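Trainee: The listed protein sequences correspond, in order, to chains B and A. For the first sequence, PDB author numbering gives the first residue as 1, with consecutive numbering after it. For the second sequence, PDB author numbering gives the first residue as 1, with consecutive numbering after it. Using N, Cα and C, we set each Cβ at its ideal position, and we do this for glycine too. Got a structure for you, questions after.
Protein chains: 2
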Amino acid sequence: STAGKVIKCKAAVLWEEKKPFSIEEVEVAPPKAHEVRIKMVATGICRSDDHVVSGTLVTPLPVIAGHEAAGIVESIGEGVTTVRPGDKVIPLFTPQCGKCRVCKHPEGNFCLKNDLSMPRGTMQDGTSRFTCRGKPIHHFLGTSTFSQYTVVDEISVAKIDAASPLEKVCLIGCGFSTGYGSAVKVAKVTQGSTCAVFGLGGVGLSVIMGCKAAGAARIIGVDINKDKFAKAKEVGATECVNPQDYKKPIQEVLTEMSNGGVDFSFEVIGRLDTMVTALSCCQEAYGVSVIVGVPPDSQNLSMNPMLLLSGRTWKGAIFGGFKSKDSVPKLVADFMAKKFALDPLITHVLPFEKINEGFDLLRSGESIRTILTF
Amino acid sequence: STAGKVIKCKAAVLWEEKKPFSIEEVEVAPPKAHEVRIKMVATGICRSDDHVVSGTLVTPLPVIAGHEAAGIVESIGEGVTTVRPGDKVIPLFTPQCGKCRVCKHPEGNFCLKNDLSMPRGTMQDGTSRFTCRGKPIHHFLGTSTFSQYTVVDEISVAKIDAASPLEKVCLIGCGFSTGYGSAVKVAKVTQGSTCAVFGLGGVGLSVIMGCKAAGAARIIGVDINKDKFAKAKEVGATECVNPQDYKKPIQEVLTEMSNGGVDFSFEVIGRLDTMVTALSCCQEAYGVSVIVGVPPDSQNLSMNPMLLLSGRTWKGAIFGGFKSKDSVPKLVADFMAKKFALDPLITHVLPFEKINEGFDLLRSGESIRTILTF
Ligand SMILES: NC(=O)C1=CN([C@@H]2O[C@H](COP(=O)(O)OP(=O)(O)OC[C@H]3O[C@@H](n4cnc5c(N)ncnc54)[C@H](O)[C@@H]3O)[C@@H](O)[C@H]2O)C=CC1
Ligand SMILES: NC(=O)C1=CN([C@@H]2O[C@H](COP(=O)(O)OP(=O)(O)OC[C@H]3O[C@@H](n4cnc5c(N)ncnc54)[C@H](O)[C@@H]3O)[C@@H](O)[C@H]2O)C=CC1
Ligand SMILES: [Zn+2]
Ligand SMILES: [Zn+2]
Ligand SMILES: [Zn+2]
Ligand SMILES: [Zn+2]
């Protein structure tokens, strides 16, 4: 039995920026009060994990990254009521405490207990459950899924259907839900509308899935990598455009294509310039632009506020606007009822031991999602 | 009588930036097809007219400015169906053609026939109806109300109640409707919410009126001129704050006052820095900030898009989001039924001939609205 004991297991540790992950033995402490220890089954490789490597997303190092995963509860600490040993779970990089002003609001989801805004790299109690070579290792977004076992706060875990296929539903822990909700919940895409989606990776494809589900008439995919276009069309894009093919700025191209601007635009890359391009291509009087991508730390964009004065709306969101603990189980149940597909997002499945290879696939442009299996 | 003939009348001509208006004789051509010639009765002095003088708002010179007014139809050109000679009317600085994609959209109000985005200073046909000293004079926003007579396109005029008091309802042509609609229609302020309003001039007072009408529980007025606070409180502000009194930036002050950020914020000044401050002071996960003020021409702001990623919504609007020709008559009807008050906005009355005194009152900070009578 492992309950109540330190577990020694394999994890991918990031010791410093711009280096490969190091796969090595770590010690995982047992869960304290209101904590849950989880045996990982599958974890996705998301661009946000790469942002930690590149220094785009700043978080204390050394760290165990990973935030898009599914696993099985190994043990629970004192006071836990929402999961039990053996339950299938998805860790939540955006928590849902249920008590703060945001959790109580009908349209907020960025719970005040999050570790995103001012990252400490710890459990809620300010300590870490991980050691490696005698040194404490930081957590990442209260999840740390690049490990055979992790410990999370109860407010950062959701119980899901016992029959769920974990090697697929791990994507509901980040990329699918983010993109899909960004369309259906944050933008509230309307039937008949024209949408433009900038960036055709895993999250961008999921935005397209949501735009199509919402009944958009036209969905224009935008990417500098034309190898992404075929899959974008498969999941609903009506047209794709490569900005490098044009002599004019792409906002001008898109405004012309849509006979005066799109209804909804989405920035799903993480570049300041594309955020402003995306806003500019939506119709000046009634367009809505949603920022999904994460830009480099501490950099400001420059924009003319006349773009907003005419009537545009600009907004952003974390995790598709979903309240995480309420929504994740419902999304998994919807998946099981065949309401959306996840297979189009999964291009590679590798053992956890090949994590660095998985990241190379992402960086070279070849993969959408690689799933790592434990 | 005068129908079909050139009218010689007095107008306030702006020959050059940063100079006083010149009150002098102009020739006003008769209306062409689908145009209306109006005898002005009252016009307000709005900060946007002053922006023309200062070069904040760029429009071709020389010009007859003025955009917030009411008058009586003198004659109609061929094909006009929506007004007749003798009708009381308000000119519309934002037109409503009824045919373009914006006019047909349920939310949009920034009609594609506007002269705001790319100002030409002409009638819809590209020509001027004004001459002074033998020289053509530009129009302003298709209205030009600083003249005893003006000519406007039919899509830029609304017929109002025959019993309307024109010296009050001129404010429905700009400042009242703008502020009130920015609250009730653009932001959609909710019952029980906390609002912050930056700028306590006529437009900002009207935002406060709208916030109160929508049932806000707290309305925090923000102005560097503490002489503005008494009237703000009279129309519904619960508290006022002067940024100059604080060592900390006012977004921090307001976030603290509202226990984590306000529900709705409004920028009603026209400064780049306050646009960003107003966005920052709304609650990071669910706050909404509306830009109403007009910024200096062609200048960009700088901001961190993480403000949006957390969940904030940023939007702007012209004319409070109201479809102009549909809305103005209804607003006047509602004023006549005592559904809102305009007197709190009107601090000074002057004859048209004292226009330059009226602008001096605005510039010194002493007035809210001065109404000029012809
Ligand atoms: N807001 C949230 O809650 C979340 C945000 N993220 C962020 O969303 C973004 C997308 O994530 P993934 O889809 O995993 O990334 P990805 O790297 O798989 O996809 C990005 C796509 O953008 C394209 N691209 C790069 N530069 C471009 C340019 N100038 N113009 C057009 N396309 C360009 C790439 O070719 C690529 O296909 C990342 O910034 C990530 O950090 C991810 C999930 C959650
Ligand atoms: N979006 C639209 O359709 C419309 C926009 N406008 C714009 O709305 C703005 C306000 O117009 P009015 O109320 O007529 O102007 P106003 O000049 O009477 O009022 C502006 C207020 O801002 C205050 N102020 C100046 N600097 C400040 C600072 N740093 N912090 C806090 N307060 C500051 C002033 O003391 C003043 O009371 C103008 O920019 C005008 O051009 C006016 C009507 C229509
Ligand atoms: Zn919470
Ligand atoms: Zn992610
Ligand atoms: Zn129109
Ligand atoms: Zn005005």
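Would you check whether ligand 6 has a heavy atom nearer than 7 Å to the C-beta of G175(A)?
Mentor: Within the cutoff, so yes.
Trainee: Along chain A, in chain order, which residues have C-beta atoms closer than 8 Å to that of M275(B)?
Mentor: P305
Trainee: In the DSSP assignment, the alpha helix (DSSP H) including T255(A) goes from what residue to what residue?
Mentor: 250 to 257
Trainee: So the alpha helix (DSSP H) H51(B) belongs to, where does it begin and stop?
Mentor: 47 to 54
Trainee: Using a threshold of 8 Å, state whether the C-beta atoms of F146(B) and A12(B) are closer than that.
Mentor: yes
Trainee: DSSP beta-bridge partners for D153(A)?
Mentor: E35(A).
Trainee: Say whether chain B places a C-beta atom closer than 8 Å to the C-beta of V203(A).
Mentor: no
Trainee: Indicate whether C195(B) and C211(B) have their beta-carbon atoms separated by less than 8 Å.
Mentor: yes
Trainee: Go through the stretch 79 to 113 of chain B residue by residue and report every complete run of the beta strand (DSSP E) that reaches 3 residues or more, in order.
Mentor: 88 to 91
Trainee: Where does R363(B) sit, in a helix, a strand or coil, going by DSSP?
Mentor: helix
Trainee: Please report how far the alpha carbon of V292(A) lies from the alpha carbon of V36(B), in whole angstroms.
Mentor: 48 Å
Trainee: By the three-class DSSP mapping on this structure, what secondary structure does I160(B) have?
Mentor: coil
Trainee: Do the stretch 152 to 167 of chain B and the stretch 85 to 99 of chain B touch if we need at least three Cβ pairs shorter than 8 Å?
Mentor: yes
Trainee: Step through the CB atoms of chain A and report whether any lies within less than 8 Å of the CB of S22(B).
Mentor: no
Trainee: Please output, in chain order, the residues near ligand 3 using a CB cut-off of less than 7 Å to any non-hydrogen atom of the ligand.
Mentor: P95(B), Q96(B), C97(B), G98(B), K99(B), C100(B), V102(B), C103(B), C111(B), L112(B), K113(B)
Trainee: Within 10 angstroms of the Cβ of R84(A), are there 16 or more other Cβ atoms? Answer buried if so, exposed if not.
Mentor: Within 10 angstroms of the beta-carbon of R84(A) lie fewer than 16 other beta-carbons, which makes it exposed.
Trainee: Tell me the rounded alpha-carbon separation between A232(A) and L200(A).
Mentor: 7 Å
Trainee: Let me check one thing: in DSSP terms, what residues is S22(B) bridge-paired to?
Mentor: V13(B)
Trainee: Between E35(A) and chain B, is there a C-beta pair that is closer than 8 Å?
Mentor: Not one chain B Cβ lies under 8 Å of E35(A).
Trainee: Nearest to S177(A) by alpha carbon, out of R129(A), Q148(A), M275(A), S324(A)?
Mentor: Relative to the Cα of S177(A), the nearest Cα in the group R129(A), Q148(A), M275(A), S324(A) belongs to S324(A).
Trainee: Please list the residues of the stretch 79 to 110 of chain A that have a C-beta atom closer than 8 Å to any C-beta atom in chain B, keeping them in chain order.
Mentor: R101, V102, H105, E107, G108, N109, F110
Trainee: Could you compute how far the alpha carbon of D273(B) sits from the alpha carbon of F198(B)?
Mentor: 11 Å
Trainee: Within a Cβ cutoff of 7 Å, which residues of the same chain sit near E74(A), ignoring the five residues on either side of it in sequence?
Mentor: If we look at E74(A) and ignore the five residues flanking it on each side, its Cβ neighbours are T2, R37, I38, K39, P85, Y149.
Trainee: I'd like to confirm something about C46(A): is its beta-carbon nearer than 7 Å to some heavy atom of ligand 6, or not?
Mentor: yes
Trainee: Mark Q283(B) as exposed unless 16 or more other C-beta atoms lie within 10 angstroms of its C-beta, in which case mark it buried.
Mentor: buried
Trainee: Pick out whichever of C9(A), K354(A), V332(A) has its Cα sitting closest to the Cα of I172(A).
Mentor: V332(A)
Trainee: Label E68(A) either buried or exposed according to how many other C-beta atoms from any shown protein chain fall within 10 Å of its C-beta, with 16 as the threshold for buried.
Mentor: buried
Trainee: What do you reckon, are the CB atoms on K8(A) and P30(A) nearer than 8 Å?
Mentor: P30(A) sits away from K8(A), with the two beta carbons spaced by 8 Å or more.
Trainee: What residue ranges within the stretch 294 to 340 of chain B form continuous beta strand (DSSP E) runs of no fewer than 3 residues, ordered along the chain?
Mentor: Those beta strand (DSSP E) runs which fall completely within the stretch 294 to 340 of chain B and span 3+ residues are 301 to 303, 313 to 316.
Trainee: Check whether the Cβ atoms of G71(A) and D49(A) sit closer than 8 Å, and answer yes or no.
Mentor: no
Trainee: Tell me whether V28(A) is buried or exposed, calling it buried when 16 or more other Cβ atoms sit within 10 Å of its Cβ.
Mentor: buried
Trainee: Considering only heavy atoms of ligand 6, does any lie closer than 7 Å to the CB of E68(A)?
Mentor: yes
Trainee: Looking at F319(A) and ligand 2, is the gap between the Cβ and the nearest heavy atom below 7 Å?
Mentor: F319(A) Cβ: within cutoff of ligand 2.
Trainee: With three or more C-beta pairs closer than 8 Å as the rule, is the stretch 91 to 109 of chain A touching the stretch 55 to 62 of chain A?
Mentor: no
Trainee: Taking the beta strand (DSSP E) that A196(B) belongs to, which residues open and close that run?
Mentor: 194 to 198
Trainee: Quick one: does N300(A) have its CB under 8 Å from some CB of chain B?
Mentor: Yes - at least one Cβ of chain B is within 8 Å of the one on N300(A).
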